[PDB]
Every structure is written in C-alpha cells, then in structure tokens.
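Coordinate inspection notes
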Amino acid sequence: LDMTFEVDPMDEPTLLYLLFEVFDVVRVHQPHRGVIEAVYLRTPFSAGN
Amino acid sequence: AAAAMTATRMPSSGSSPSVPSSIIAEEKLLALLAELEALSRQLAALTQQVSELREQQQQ
C-alpha cells in the first residue's frame, strides 16, 4: 500500500496520525482456580511472525 | 502555490413600483356629465334673452 496526503503548510513541525482500523480482540480462559490464559489476535497488523 | 490557498478565492431586471406614495379608492361617482349639459343649456338661455331685448327694441 502507498498513500499520499496534501496538507496546508503549517510553518512548524507537525504529525500525521494514521489509524489503520483492524480487529483487536482477546479471548480469556480461566480453566482452574487462580489461572488466567489470555489469547490475543489483532488482524490485520498482527503482532507476531 | 501556498499561504493564501488555505481558504478560497447583466442587462435589465425591470422593476416598476419605485419610491412614490400609497393610493386609495371610493365608489360614490359621477354627477359631472349633467353640468356639461347644464352649462351649455344655460349658455343658450343667455343668448335667447339677448335676442328678447333685440326683438322688443326692433318694435
């Protein structure tokens, strides 16, 4: 993906804030007394491999 | 290219009523056509009796 933006020149340093909207979901399993196993999947833009 | 570019950049319509006053009306009209005949009748009656001087002086 390539993207280009045209903006009013600001006369000072500024930042483009770009949010790529994705699912950012967790599933939490509690199988025994005092155990928390949480599984995370963000997709697309997944963090891992 | 930049700085100012952030914002943006007939004949005849023929009215009629102009700057005069208001207007009103009423419906009690027109005796006046009778006097035009009154005036020209009585005018004849003048001359008719001028003649009645002359037609008695001529006797």
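Residues numbered from 1 in each chain as written, not as in the entry; some residues may be left out. Chains lettered and ligands numbered in written order. Part of a larger assembly, values for the part shown. Heavy atoms only, no water.

The PDB entry annotates chain B as Hexon-interlacing protein originating from Human adenovirus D10. In the PDB, the entry goes by the title "Human Adenovirus D 10 Capsid Structure".

Naming follows the PDB entry, where chain A appears as Hexon protein of Human adenovirus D10.

What follows is about the overall build of chain A. Within chain A, the regular secondary structure consists of zero helices and two strands. With respect to the three principal axes, the spread of C-alpha positions in chain A is 60 × 25 × 15 Å. Expressed as a percentage of the 49 residues in chain A, the buried residues total 0%. Partitioning the contacts of chain A with sequence separation of at least 6, the portion at a separation of at least 24 is 3%. (Helix = DSSP H or I, 4+ residues; strand = E, 2+ residues; numbered from the N terminus. Buried < 20%, exposed > 50% of the residue type's maximum accessible area, 1.4 Å probe, protein only. Contact = heavy atoms within 4.5 Å.)

On to the overall build of chain B. Secondary structure summary: chain B contains one helix and zero strands in total. Seen through its principal axes, chain B has C-alpha atoms that stretch 120 × 30 × 15 Å. Per-residue burial over chain B gives 0% buried out of 59 residues. A total accessible area of about 6,600 Å² is found for chain B, and carbon and sulfur atoms account for 57% of it. (Areas by Shrake-Rupley, 256 points an atom, 1.4 Å probe, with all protein chains shown as cover.)

Moving on, we get to the UniProt feature "coiled-coil region" (unreviewed entry) in chain B. In the numbering used here, UniProt assigns the feature "coiled-coil region" (unreviewed entry) to residues 29–56 of chain B. As annotated, residues 29–56 of chain B has a helix share of 86% and a strand share of 0%, and its two end C-alpha atoms lie 45 Å apart. (UniProt positions renumbered as here; feature names shortened; annotations may be inferred.)

What follows covers unusual backbone geometry. Cis geometry marks the peptide bond from A:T43 to A:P44; its omega dihedral reads -10 degrees. With respect to the helices and strands, the residue A:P44 is situated in the segment after β2 (37–43). For A:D11, which is not a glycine, the phi torsion comes out positive at approximately 60 degrees. Position of A:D11 relative to the elements: it lies in the segment before β1 (23–29). The residue B:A3 is not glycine, and still its phi comes out positive at about 70 degrees.

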